[PDB]
file my_file25.cif (mmCIF, C-alpha atoms)
data_work
#
loop_
_atom_site.label_atom_id
_atom_site.label_comp_id
_atom_site.auth_asym_id
_atom_site.auth_seq_id
_atom_site.Cartn_x
_atom_site.Cartn_y
_atom_site.Cartn_z
CA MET U 1 42.30 -35.65 -12.52
CA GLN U 2 40.11 -33.62 -10.18
CA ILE U 3 40.67 -29.99 -9.18
CA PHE U 4 38.49 -27.90 -6.90
CA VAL U 5 37.01 -24.44 -7.47
CA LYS U 6 35.75 -22.29 -4.60
CA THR U 7 32.74 -20.57 -6.19
CA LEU U 8 31.10 -17.22 -5.53
CA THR U 9 29.16 -18.34 -2.44
CA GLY U 10 32.12 -20.28 -1.04
CA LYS U 11 30.74 -23.63 -2.15
CA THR U 12 33.58 -25.71 -3.58
CA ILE U 13 32.87 -27.62 -6.79
CA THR U 14 34.93 -30.40 -8.35
CA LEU U 15 36.05 -30.40 -11.99
CA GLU U 16 37.36 -33.24 -14.13
CA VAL U 17 40.36 -31.88 -16.04
CA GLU U 18 43.69 -32.82 -17.58
CA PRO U 19 46.99 -30.96 -17.07
CA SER U 20 46.88 -30.02 -20.77
CA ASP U 21 43.50 -28.32 -20.35
CA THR U 22 43.58 -24.63 -21.21
CA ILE U 23 42.22 -22.03 -18.85
CA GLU U 24 39.40 -21.48 -21.36
CA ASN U 25 38.48 -25.16 -21.19
CA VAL U 26 38.44 -24.91 -17.39
CA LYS U 27 36.20 -21.83 -17.46
CA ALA U 28 33.82 -23.66 -19.83
CA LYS U 29 33.59 -26.45 -17.29
CA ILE U 30 32.89 -23.89 -14.58
CA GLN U 31 30.21 -22.39 -16.84
CA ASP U 32 28.61 -25.83 -17.19
CA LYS U 33 28.23 -26.06 -13.39
CA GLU U 34 27.69 -22.44 -12.29
CA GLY U 35 26.27 -20.70 -15.34
CA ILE U 36 28.87 -17.89 -15.35
CA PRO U 37 30.20 -16.90 -18.82
CA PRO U 38 33.97 -17.44 -19.16
CA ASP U 39 34.63 -13.77 -19.99
CA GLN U 40 33.18 -12.86 -16.54
CA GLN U 41 35.27 -15.34 -14.55
CA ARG U 42 38.45 -14.46 -12.70
CA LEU U 43 40.22 -17.67 -11.60
CA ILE U 44 43.01 -17.39 -9.02
CA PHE U 45 45.55 -20.04 -8.01
CA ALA U 46 48.16 -19.31 -5.33
CA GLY U 47 47.40 -15.60 -5.73
CA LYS U 48 47.96 -15.53 -9.52
CA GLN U 49 45.06 -14.88 -11.87
CA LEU U 50 45.01 -17.52 -14.62
CA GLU U 51 45.23 -16.32 -18.24
CA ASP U 52 43.42 -17.71 -21.27
CA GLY U 53 45.74 -19.44 -23.70
CA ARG U 54 47.79 -21.17 -20.99
CA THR U 55 47.27 -24.63 -19.52
CA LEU U 56 46.86 -25.92 -15.98
CA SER U 57 50.36 -27.37 -16.26
CA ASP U 58 51.81 -23.92 -17.07
CA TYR U 59 50.72 -22.93 -13.54
CA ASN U 60 51.82 -26.21 -11.90
CA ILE U 61 48.18 -26.90 -11.05
CA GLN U 62 48.17 -30.56 -9.97
CA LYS U 63 45.72 -33.20 -8.76
CA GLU U 64 43.36 -31.78 -6.13
CA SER U 65 44.67 -28.21 -6.37
CA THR U 66 42.14 -25.52 -5.40
CA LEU U 67 41.28 -22.46 -7.52
CA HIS U 68 39.22 -19.48 -6.34
CA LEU U 69 36.56 -17.93 -8.59
CA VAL U 70 35.54 -14.26 -8.29
CA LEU U 71 33.78 -11.92 -10.69
CA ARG U 72 35.10 -8.61 -12.09
CA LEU U 73 33.65 -5.45 -10.48
CA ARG U 74 34.77 -2.53 -12.66
CA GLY U 75 35.01 1.13 -11.83
CA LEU W 1 46.88 15.98 4.11
CA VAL W 2 47.95 13.64 1.26
CA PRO W 3 48.21 14.26 -2.51
CA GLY W 4 45.30 13.38 -4.70
CA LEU W 5 45.68 11.33 -7.90
CA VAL W 6 44.33 12.56 -11.24
CA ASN W 7 41.78 10.41 -13.04
CA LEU W 8 43.10 10.20 -16.59
CA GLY W 9 40.86 7.63 -18.30
CA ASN W 10 38.80 5.70 -15.71
CA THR W 11 41.81 5.15 -13.41
CA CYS W 12 40.01 5.39 -10.09
CA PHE W 13 40.51 1.61 -9.67
CA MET W 14 44.24 2.30 -9.58
CA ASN W 15 44.09 5.57 -7.63
CA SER W 16 41.87 4.12 -4.87
CA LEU W 17 44.11 1.05 -4.55
CA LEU W 18 47.30 3.14 -4.35
CA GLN W 19 45.73 5.37 -1.69
CA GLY W 20 44.99 2.31 0.40
CA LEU W 21 48.36 0.62 -0.11
CA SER W 22 50.12 3.89 0.76
CA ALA W 23 48.40 3.67 4.19
CA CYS W 24 50.17 0.37 4.95
CA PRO W 25 53.60 1.34 6.28
CA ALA W 26 54.76 -2.25 6.72
CA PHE W 27 54.13 -2.82 3.01
CA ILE W 28 56.17 0.29 2.17
CA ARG W 29 59.00 -0.96 4.42
CA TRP W 30 58.86 -4.36 2.72
CA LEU W 31 59.09 -2.66 -0.68
CA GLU W 32 62.04 -0.55 0.39
CA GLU W 33 63.92 -3.65 1.54
CA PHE W 34 62.83 -5.62 -1.57
CA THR W 35 64.17 -2.80 -3.86
CA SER W 36 67.39 -2.45 -1.82
CA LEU W 37 57.50 -2.33 -11.25
CA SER W 38 58.54 -2.34 -7.57
CA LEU W 39 60.42 1.00 -7.81
CA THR W 40 57.66 2.64 -9.81
CA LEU W 41 55.18 1.45 -7.20
CA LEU W 42 57.46 2.41 -4.29
CA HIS W 43 57.96 5.96 -5.48
CA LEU W 44 54.19 6.51 -5.73
CA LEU W 45 53.50 5.00 -2.31
CA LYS W 46 56.25 7.11 -0.69
CA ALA W 47 54.66 10.26 -2.13
CA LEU W 48 51.18 9.22 -1.07
CA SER W 49 52.38 8.47 2.47
CA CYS W 50 54.10 11.87 2.83
CA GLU W 51 48.98 18.79 -4.80
CA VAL W 52 47.95 16.12 -7.22
CA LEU W 53 50.07 13.32 -8.66
CA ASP W 54 49.68 11.07 -11.69
CA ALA W 55 49.97 7.30 -11.32
CA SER W 56 49.72 6.64 -15.08
CA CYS W 57 53.38 5.54 -15.35
CA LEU W 58 52.53 2.52 -13.22
CA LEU W 59 49.70 1.67 -15.57
CA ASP W 60 52.02 2.13 -18.59
CA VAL W 61 54.53 -0.42 -17.21
CA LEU W 62 51.74 -2.84 -16.27
CA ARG W 63 50.25 -2.55 -19.76
CA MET W 64 53.60 -3.12 -21.33
CA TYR W 65 54.52 -6.30 -19.51
CA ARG W 66 51.95 -7.69 -17.06
CA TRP W 67 48.34 -6.82 -17.90
CA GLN W 68 46.87 -6.45 -21.40
CA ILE W 69 44.32 -3.73 -20.87
CA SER W 70 43.69 -0.48 -22.69
CA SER W 71 44.50 2.84 -21.16
CA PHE W 72 40.99 4.08 -20.57
CA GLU W 73 38.51 1.41 -19.48
CA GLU W 74 37.10 0.81 -16.06
CA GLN W 75 38.76 -2.06 -14.20
CA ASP W 76 38.48 -3.93 -10.86
CA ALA W 77 40.79 -2.68 -8.08
CA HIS W 78 40.99 -6.28 -6.80
CA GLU W 79 42.23 -7.56 -10.15
CA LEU W 80 44.88 -4.78 -10.15
CA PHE W 81 45.87 -5.80 -6.60
CA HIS W 82 46.58 -9.37 -7.71
CA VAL W 83 48.43 -8.13 -10.82
CA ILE W 84 50.68 -6.15 -8.44
CA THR W 85 51.24 -8.94 -5.92
CA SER W 86 51.90 -11.53 -8.60
CA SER W 87 54.28 -9.14 -10.34
CA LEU W 88 56.30 -8.82 -7.14
CA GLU W 89 56.63 -12.60 -6.93
CA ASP W 90 57.95 -13.05 -10.42
CA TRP W 91 57.03 -17.66 -1.16
CA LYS W 92 57.11 -16.02 2.30
CA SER W 93 59.70 -13.41 1.34
CA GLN W 94 58.02 -12.52 -1.96
CA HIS W 95 54.48 -12.26 -0.46
CA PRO W 96 54.02 -9.47 2.14
CA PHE W 97 50.23 -10.05 1.91
CA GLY W 98 50.42 -13.86 1.84
CA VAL W 99 48.17 -15.99 4.05
CA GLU W 100 48.85 -19.73 4.17
CA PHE W 101 46.30 -22.37 5.19
CA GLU W 102 46.98 -25.98 6.16
CA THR W 103 43.94 -28.00 5.04
CA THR W 104 42.68 -31.48 5.94
CA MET W 105 40.21 -33.64 4.00
CA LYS W 106 38.37 -36.39 5.84
CA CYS W 107 36.15 -38.94 4.11
CA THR W 108 32.73 -39.02 5.73
CA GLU W 109 31.94 -42.35 4.04
CA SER W 110 35.06 -44.34 4.91
CA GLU W 111 36.15 -44.15 8.55
CA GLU W 112 39.27 -46.24 7.82
CA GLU W 113 40.62 -43.87 5.14
CA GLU W 114 43.55 -41.72 6.25
CA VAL W 115 43.00 -37.98 6.03
CA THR W 116 45.02 -36.01 3.48
CA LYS W 117 46.68 -32.68 4.14
CA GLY W 118 47.07 -29.77 1.75
CA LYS W 119 48.21 -26.16 1.60
CA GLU W 120 46.53 -23.06 0.21
CA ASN W 121 48.30 -19.77 -0.46
CA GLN W 122 46.36 -16.55 -0.81
CA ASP W 123 47.26 -12.89 -1.21
CA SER W 124 43.72 -11.70 -0.43
CA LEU W 125 40.79 -13.38 1.34
CA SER W 126 37.82 -13.21 -1.03
CA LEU W 127 34.89 -13.54 1.36
CA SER W 128 31.33 -14.27 0.28
CA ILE W 129 28.44 -12.11 1.44
CA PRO W 130 25.51 -14.29 2.50
CA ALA W 131 21.89 -13.53 1.73
CA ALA W 132 20.61 -10.76 3.98
CA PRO W 133 23.10 -8.17 10.44
CA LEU W 134 25.95 -8.82 8.00
CA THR W 135 29.37 -8.69 9.69
CA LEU W 136 32.87 -9.14 8.39
CA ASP W 137 33.62 -11.36 11.39
CA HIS W 138 30.85 -13.76 10.30
CA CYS W 139 31.99 -13.83 6.66
CA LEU W 140 35.55 -14.55 7.77
CA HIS W 141 34.38 -17.23 10.22
CA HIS W 142 32.41 -18.88 7.44
CA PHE W 143 35.34 -18.70 5.01
CA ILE W 144 37.59 -20.58 7.46
CA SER W 145 34.94 -23.03 8.68
CA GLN W 146 34.59 -26.64 7.54
CA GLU W 147 32.99 -27.37 4.19
CA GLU W 148 31.73 -30.30 2.13
CA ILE W 149 33.71 -31.40 -0.92
CA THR W 150 33.07 -34.28 -3.31
CA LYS W 151 36.09 -36.17 -4.59
CA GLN W 152 37.32 -39.60 -5.60
CA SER W 153 37.95 -41.89 -2.64
CA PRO W 154 40.88 -44.31 -3.00
CA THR W 155 39.24 -46.66 -0.52
CA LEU W 156 35.71 -46.59 -1.94
CA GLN W 157 36.81 -46.30 -5.59
CA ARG W 158 34.10 -43.74 -6.32
CA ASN W 159 33.27 -40.14 -5.61
CA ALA W 160 32.45 -39.64 -1.93
CA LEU W 161 31.60 -36.82 0.45
CA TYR W 162 34.58 -35.29 2.28
CA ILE W 163 34.82 -32.56 4.91
CA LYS W 164 37.63 -30.00 4.42
CA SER W 165 38.92 -28.15 7.48
CA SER W 166 41.49 -25.32 7.46
CA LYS W 167 44.01 -23.82 9.87
CA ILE W 168 46.00 -20.64 9.24
CA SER W 169 49.68 -21.63 8.93
CA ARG W 170 51.29 -18.28 7.90
CA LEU W 171 50.34 -14.77 9.14
CA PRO W 172 51.32 -11.79 6.91
CA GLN W 173 52.39 -8.34 8.12
CA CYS W 174 49.78 -6.92 5.72
CA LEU W 175 46.27 -8.24 5.06
CA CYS W 176 43.77 -7.64 2.24
CA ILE W 177 40.17 -8.70 2.74
CA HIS W 178 38.04 -8.67 -0.40
CA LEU W 179 34.26 -8.58 0.16
CA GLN W 180 32.84 -10.09 -2.99
CA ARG W 181 30.23 -7.61 -4.15
CA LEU W 182 29.30 -9.46 -7.33
CA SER W 183 27.13 -12.53 -6.91
CA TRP W 184 25.21 -14.68 -9.41
CA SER W 185 21.47 -14.08 -9.45
CA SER W 186 18.70 -16.67 -9.43
CA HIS W 187 18.06 -15.48 -13.02
CA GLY W 188 21.57 -16.43 -14.19
CA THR W 189 22.76 -12.79 -14.21
CA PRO W 190 25.40 -10.90 -12.22
CA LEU W 191 24.15 -8.95 -9.22
CA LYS W 192 25.81 -6.16 -7.33
CA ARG W 193 25.68 -6.58 -3.58
CA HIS W 194 25.06 -3.18 -2.00
CA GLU W 195 24.45 -4.37 1.56
CA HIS W 196 26.43 -2.85 4.42
CA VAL W 197 28.83 -5.39 5.98
CA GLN W 198 29.77 -4.30 9.51
CA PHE W 199 33.50 -4.13 10.20
CA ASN W 200 35.63 -2.84 13.03
CA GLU W 201 38.91 -1.03 13.26
CA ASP W 202 40.38 -4.18 14.88
CA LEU W 203 40.39 -7.69 13.31
CA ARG W 204 41.67 -10.96 14.80
CA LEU W 205 42.73 -13.97 12.70
CA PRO W 206 42.47 -17.19 14.77
CA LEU W 207 45.27 -19.74 15.06
CA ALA W 208 45.67 -23.17 16.62
CA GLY W 209 45.07 -23.56 20.36
CA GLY W 210 43.37 -20.22 20.92
CA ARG W 211 46.33 -18.26 19.61
CA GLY W 212 45.55 -15.48 17.15
CA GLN W 213 46.93 -12.43 15.46
CA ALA W 214 45.52 -8.93 15.80
CA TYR W 215 45.35 -6.62 12.79
CA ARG W 216 44.48 -2.91 12.59
CA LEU W 217 42.49 -1.31 9.75
CA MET W 218 44.46 1.13 7.57
CA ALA W 219 42.22 1.70 4.57
CA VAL W 220 38.97 0.77 2.86
CA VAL W 221 38.39 0.78 -0.91
CA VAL W 222 34.70 1.39 -1.65
CA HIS W 223 32.85 0.71 -4.95
CA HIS W 224 29.92 2.91 -5.86
CA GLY W 225 27.57 2.16 -8.74
CA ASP W 226 26.80 -1.12 -10.48
CA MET W 227 28.71 -3.54 -12.74
CA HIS W 228 27.75 -1.57 -15.86
CA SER W 229 29.62 1.43 -14.45
CA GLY W 230 30.99 2.56 -11.16
CA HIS W 231 33.52 4.51 -9.14
CA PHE W 232 36.09 3.64 -6.50
CA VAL W 233 37.00 5.82 -3.53
CA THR W 234 39.19 5.15 -0.54
CA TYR W 235 38.93 5.91 3.13
CA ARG W 236 42.40 5.87 4.63
CA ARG W 237 44.33 6.93 7.68
CA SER W 238 46.25 10.19 7.48
CA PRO W 239 50.05 9.82 7.70
CA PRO W 240 51.39 10.06 11.24
CA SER W 241 52.92 13.28 12.50
CA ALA W 242 56.66 13.77 12.02
CA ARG W 243 57.12 13.86 15.80
CA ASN W 244 55.37 10.49 16.16
CA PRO W 245 56.57 8.87 12.93
CA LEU W 246 55.91 5.23 13.75
CA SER W 247 52.53 5.89 15.31
CA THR W 248 49.19 5.30 13.64
CA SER W 249 47.08 8.39 13.03
CA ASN W 250 43.49 8.46 14.23
CA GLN W 251 42.62 11.02 11.54
CA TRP W 252 40.80 9.54 8.55
CA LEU W 253 40.59 10.84 4.96
CA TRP W 254 38.17 10.33 2.10
CA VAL W 255 40.02 10.31 -1.21
CA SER W 256 38.25 10.30 -4.56
CA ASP W 257 40.86 10.62 -7.34
CA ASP W 258 42.17 14.24 -7.11
CA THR W 259 40.04 15.26 -4.09
CA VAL W 260 41.11 14.69 -0.47
CA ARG W 261 38.81 15.46 2.49
CA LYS W 262 38.85 14.79 6.24
CA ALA W 263 36.41 12.03 7.25
CA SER W 264 35.22 10.84 10.66
CA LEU W 265 35.82 7.25 11.73
CA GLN W 266 32.07 6.87 11.80
CA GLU W 267 31.90 7.76 8.12
CA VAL W 268 34.62 5.18 7.41
CA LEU W 269 32.83 2.43 9.31
CA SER W 270 29.52 3.30 7.64
CA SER W 271 30.93 2.83 4.17
CA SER W 272 30.28 -0.08 1.81
CA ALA W 273 33.63 -1.89 2.13
CA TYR W 274 35.04 -3.69 -0.90
CA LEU W 275 38.74 -4.06 -0.10
CA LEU W 276 39.94 -3.68 3.49
CA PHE W 277 43.65 -3.30 4.19
CA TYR W 278 45.08 -4.12 7.60
CA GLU W 279 48.45 -4.34 9.19
CA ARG W 280 49.55 -6.79 11.85
CA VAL W 281 49.66 -5.16 15.29
#

call {"tool": "encode", "arguments": {"input": "my_file25.cif", "output": "structure tokens"}}
result
Amino acid sequence: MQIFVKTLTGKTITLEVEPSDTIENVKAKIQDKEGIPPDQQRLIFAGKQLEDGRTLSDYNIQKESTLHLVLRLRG
Amino acid sequence: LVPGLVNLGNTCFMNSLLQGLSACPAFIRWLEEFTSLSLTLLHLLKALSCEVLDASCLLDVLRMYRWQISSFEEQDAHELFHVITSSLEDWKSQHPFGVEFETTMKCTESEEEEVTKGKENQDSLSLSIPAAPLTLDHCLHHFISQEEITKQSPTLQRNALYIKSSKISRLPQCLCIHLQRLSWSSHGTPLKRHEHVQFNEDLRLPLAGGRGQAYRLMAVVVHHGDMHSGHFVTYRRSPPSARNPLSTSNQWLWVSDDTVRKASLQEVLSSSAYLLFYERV
């Protein structure tokens, strides 16, 4: 299925994924398109930050759902 | 005029966020009704809304159950914000910061195809800062404006170009704007965005038919430094006077962990905003 990711500039990219894909798999696909290492990505769906080790289906992420990508600014 | 918060182990990301949340009285009222982590949070925000306090118990509970971090590393105040809001949920009644959008997708390549409608739920608006006068109003306008999206077309049976448009469908009593200050460089590296983004005390979210909702600024979390190391401070309103308890103070404070100082509005507006907290007028 396709899901959408709003990237750092606001441009929305489209990923090819399965409900069984892990968050790590999804970040790898984002890395393929945007160049951002997975350990630097914060992915948010419906306000919840997605955790490695879970799957899209764990979050009820369905066909044509939209994720938001932001980086981690530490202090 | 308010207690400071001690920095035990790089906790300014928490202290700055708590200072800003404690300046949002509608959020405190929501929490009081919700509690009629929430109580640990509520007790801190009550103290900070009227000496130095310690917020480490909140971090202990978060580390136990919600967020696997150590006790002493630097962290992102925005990531802590979403840990807090998502911990309160575990939609309208559980999301005092929640904005809803109704979205529409229209195929540019197939005029006969029926548009599809969608919903997006957000507890902060993570705006992008364009290449460099940079204004929050423009970043917000761009965030809500139409955009191009590629997706499979049922009518064309291939990927096609779609336009997504958005309308705000739910207005929260409390609003968090997040100015993304990390971008990706042309060299494939992270880049801190230091540029001033102009913002006002008053913000209007547009709605259908010219309707809109006014919001009033309560606090600004500011990041100093780079992504290798930095520091968070907060500019916030003072608490109102006891004789005008539901009013909004026009006195501002600068709060950096255990230090509280009076600040002019001009100093607030001149700061490098990272998180802006508003309440619905």

call {"tool": "closest_atom_pairs", "arguments": {"input": "my_file25.cif", "of": "region 157-265 of chain W", "to": "region 130-139 of chain W", "cutoff": "10 Å", "atoms": "all atoms listed in the file", "output": "CSV"}}
result
residue,atom,partner,partner_atom,distance
W:177,CA,W:136,CA,9.2
W:179,CA,W:136,CA,8.4
W:183,CA,W:130,CA,9.7
W:193,CA,W:131,CA,9.5
W:195,CA,W:132,CA,7.8
W:196,CA,W:134,CA,7.0
W:197,CA,W:134,CA,4.9
W:198,CA,W:135,CA,4.4
W:199,CA,W:136,CA,5.4
W:200,CA,W:136,CA,8.3
W:203,CA,W:137,CA,7.9
W:204,CA,W:137,CA,8.8
W:205,CA,W:137,CA,9.6

call {"tool": "closest_residue", "arguments": {"input": "my_file25.cif", "among": "U:32, U:2, U:38, U:47", "to": "residue 68 (chain U)", "atoms": "all atoms listed in the file"}}
result
U:47

call {"tool": "interface_residues", "arguments": {"input": "my_file25.cif", "of": "chain U", "to": "chain W", "cutoff": "7 Å", "atoms": "all atoms listed in the file", "output": "ChimeraX atom specification"}}
result
/U:8-10,12,14,35,46-48,71-75

call {"tool": "residues_near_point", "arguments": {"input": "my_file25.cif", "point": "(46.9, -27.9, -21.3)", "cutoff": "6 Å", "atoms": "all atoms listed in the file", "output": "ChimeraX atom specification"}}
result
/U:19-22,55-56

call {"tool": "residues_around", "arguments": {"input": "my_file25.cif", "residues": "residue 53 (chain U)", "least_positions_apart": "4", "cutoff": "12 Å", "atoms": "all atoms listed in the file", "output": "VMD selection string"}}
result
chain U and resid 20 to 27 57 to 59

call {"tool": "closest_residue", "arguments": {"input": "my_file25.cif", "among": "W:258, W:279, W:33, W:90", "to": "residue 53 (chain W)", "atoms": "all atoms listed in the file"}}
result
W:258

call {"tool": "closest_residue", "arguments": {"input": "my_file25.cif", "among": "W:55, W:218, W:8, W:161", "to": "residue 71 (chain W)", "atoms": "only C-alpha atoms"}}
result
W:8

call {"tool": "closest_residue", "arguments": {"input": "my_file25.cif", "among": "U:69, U:13, U:61, U:5", "to": "residue 43 (chain U)", "atoms": "all atoms listed in the file"}}
result
U:69

call {"tool": "atom_distance", "arguments": {"input": "my_file25.cif", "atom1": "CA of residue 41 (chain U)", "atom2": "CA of residue 6 (chain U)"}}
result
12.1 Å

call {"tool": "atom_distance", "arguments": {"input": "my_file25.cif", "atom1": "CA of residue 39 (chain U)", "atom2": "CA of residue 187 (chain W)"}}
result
18.1 Å

call {"tool": "atom_distance", "arguments": {"input": "my_file25.cif", "atom1": "CA of residue 1 (chain U)", "atom2": "CA of residue 103 (chain W)"}}
result
19.2 Å

call {"tool": "resolve_selection", "arguments": {"input": "my_file25.cif", "expression": "the PyMOL selection byres ((chain W and resi 252) around 6)", "output": "list in words"}}
result
residues 236, 237, 238, 251, 253 and 263 of chain W

call {"tool": "decode", "arguments": {"input": "my_file25.cif", "residues": "region 11-28 of chain U", "atoms": "N, CA, C and O atoms", "output": "CSV table (one decimal), in the first residue's frame"}}
result
chain,number,residue,atom,x,y,z
U,11,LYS,N,7.4,19.1,1.8
U,11,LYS,CA,7.1,18.3,0.7
U,11,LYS,C,6.7,16.9,1.2
U,11,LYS,O,7.3,16.3,2.1
U,12,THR,N,5.6,16.4,0.6
U,12,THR,CA,5.1,15.1,1.0
U,12,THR,C,5.5,14.0,0.0
U,12,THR,O,5.3,14.1,-1.2
U,13,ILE,N,6.2,13.0,0.5
U,13,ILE,CA,6.7,11.9,-0.3
U,13,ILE,C,5.7,10.7,-0.1
U,13,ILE,O,4.9,10.7,0.8
U,14,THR,N,5.8,9.8,-1.0
U,14,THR,CA,5.0,8.6,-1.0
U,14,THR,C,5.9,7.3,-0.9
U,14,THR,O,6.8,7.1,-1.6
U,15,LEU,N,5.5,6.5,0.1
U,15,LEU,CA,6.3,5.2,0.4
U,15,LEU,C,5.4,4.0,0.0
U,15,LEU,O,4.2,4.1,0.2
U,16,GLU,N,6.1,3.0,-0.4
U,16,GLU,CA,5.4,1.7,-0.7
U,16,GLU,C,5.7,0.8,0.5
U,16,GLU,O,6.9,0.6,0.8
U,17,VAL,N,4.7,0.4,1.2
U,17,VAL,CA,4.9,-0.3,2.5
U,17,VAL,C,3.8,-1.4,2.6
U,17,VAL,O,2.9,-1.4,1.9
U,18,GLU,N,4.0,-2.3,3.6
U,18,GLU,CA,3.0,-3.2,4.0
U,18,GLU,C,2.6,-3.0,5.5
U,18,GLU,O,3.4,-2.5,6.2
U,19,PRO,N,1.4,-3.4,5.9
U,19,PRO,CA,1.1,-3.2,7.3
U,19,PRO,C,2.0,-3.9,8.3
U,19,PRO,O,2.3,-3.3,9.4
U,20,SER,N,2.7,-5.0,7.9
U,20,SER,CA,3.6,-5.6,8.7
U,20,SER,C,5.0,-5.0,8.7
U,20,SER,O,5.9,-5.4,9.4
U,21,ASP,N,5.2,-3.9,8.0
U,21,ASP,CA,6.5,-3.2,8.0
U,21,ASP,C,6.8,-2.7,9.4
U,21,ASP,O,5.9,-2.1,10.0
U,22,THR,N,8.0,-2.8,9.8
U,22,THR,CA,8.4,-2.2,11.1
U,22,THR,C,8.7,-0.7,10.9
U,22,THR,O,9.0,-0.3,9.8
U,23,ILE,N,8.7,0.0,12.0
U,23,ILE,CA,9.1,1.4,11.9
U,23,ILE,C,10.5,1.6,11.3
U,23,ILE,O,10.8,2.5,10.6
U,24,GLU,N,11.4,0.6,11.7
U,24,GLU,CA,12.8,0.7,11.1
U,24,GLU,C,12.8,0.6,9.6
U,24,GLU,O,13.5,1.3,9.0
U,25,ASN,N,12.0,-0.4,9.1
U,25,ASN,CA,11.9,-0.5,7.7
U,25,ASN,C,11.3,0.7,7.0
U,25,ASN,O,11.8,1.2,6.0
U,26,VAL,N,10.3,1.4,7.7
U,26,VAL,CA,9.8,2.6,7.1
U,26,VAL,C,10.9,3.7,7.1
U,26,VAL,O,11.0,4.5,6.2
U,27,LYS,N,11.6,3.8,8.2
U,27,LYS,CA,12.7,4.9,8.3
U,27,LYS,C,13.7,4.6,7.2
U,27,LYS,O,14.3,5.5,6.6
U,28,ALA,N,14.1,3.3,6.9
U,28,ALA,CA,15.0,3.0,5.9
U,28,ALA,C,14.5,3.5,4.5
U,28,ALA,O,15.3,4.0,3.7
